[PDB]
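See below for the structure under consideration.
Protein chains: 2
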Amino acid sequence: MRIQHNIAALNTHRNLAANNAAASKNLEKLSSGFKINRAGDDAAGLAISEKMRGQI
Amino acid sequence: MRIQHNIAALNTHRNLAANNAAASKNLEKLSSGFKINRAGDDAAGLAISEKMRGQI
Numbered sequence: 001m002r003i004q005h006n007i008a009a010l011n012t013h014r015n016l017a018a019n020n021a022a023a024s025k026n027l028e029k030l031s032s033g034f035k036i037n038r039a040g041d042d043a044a045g046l047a048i049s050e051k052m053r054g055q056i
Numbered sequence: 001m002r003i004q005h006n007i008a009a010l011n012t013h014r015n016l017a018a019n020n021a022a023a024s025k026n027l028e029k030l031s032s033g034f035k036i037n038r039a040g041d042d043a044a045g046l047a048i049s050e051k052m053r054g055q056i
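Encoded structure:
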């Protein structure tokens, strides 16, 4: 309730970690120049891109 | 009745001992930072705290 646990700081830490992760993802997308670097980014579209690259 | 026994002082001693004990309990709770240091403090709540700690 008072000392042993400070829940506001925990919530703030969570949100801070999430924001840092999102910024890191954006940095990856900007440095790479591609919007899809992993399949977790977009599954339907990775396959399409690979087939289109083969066709090109 | 007059000399051999002084009952007011006995009652005062009892109350003094009780107050000292309560103050000591409060000191324990303040130094520890926890409201439940023994099961005599609270039985239903010790178990809940332990299960919640395990889950955390």
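Here the protein sequences line up with chains d and o, keeping their order.
Here the entry's author numbering is used: the first residue of the first sequence is 1, the next is one more, and so on.
Here the entry's author numbering is used: the first residue of the second sequence is 1, the next is one more, and so on.
Even for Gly, the Cβ is constructed at its ideal location relative to N, Cα and C.
CB contact below 9 Å: residue i versus chain A
{"i": "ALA43 of chain d", "result": "Here the protein chains are d and o, and chain A is not one of them."}
Within 9 Å, strictly: CB atoms of residue i and residue j
{"i": "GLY33 of chain o", "j": "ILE3 of chain d", "result": "yes"}
{"i": "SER24 of chain d", "j": "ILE36 of chain d", "result": "no"}
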